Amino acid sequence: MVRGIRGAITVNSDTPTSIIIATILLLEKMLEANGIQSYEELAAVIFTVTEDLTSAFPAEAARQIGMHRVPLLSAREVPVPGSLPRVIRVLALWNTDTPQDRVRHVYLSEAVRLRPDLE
């Protein structure tokens, strides 16, 4: 059984340190919210970035905190006019029996407004 975990975070400027710092806090928050203390049961982690972020790869931040053995891949998000700018999104594929409705998803900074749970 595989369960996806979603995260999203915004940054203020397209600079390498900000992109890396934002991604670190997002990943560690996604892990802590779901009680994952080890990287061994992540099948893969996929990142997307909006078009206005280009100075650093978000996967770089994942290697920094020691995910060297976790398969990573990054891509570009769709440039919908008026959409929230400067957003890094994460999809982590987690080997777990945890039910879909019990998995915790993490949205930070201005990305709070993207939460699918809000009515």
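Counting begins at 1, following the sequence as shown.
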task: Taking the mean of the C-alpha B-factors per stretch from the entry, tell me the winner out of 44-52 and 75-83.
output: 75-83
query: Mean CA B-factor: is it higher for 84-92 or for 30-38?
result: 30-38
- request: Divide the modelled residues of the chain into thirds by Cα B-factor and specify which third, lowest, middle or highest, holds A59.
  value: highest
query: Considering only modelled residues of the same chain, in which third does the CA B-factor of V112 rank: lowest, middle or highest?
result: middle
- prompt: C-alpha B factor of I5, ranked within the chain: lowest, middle or highest third?
  reply: lowest
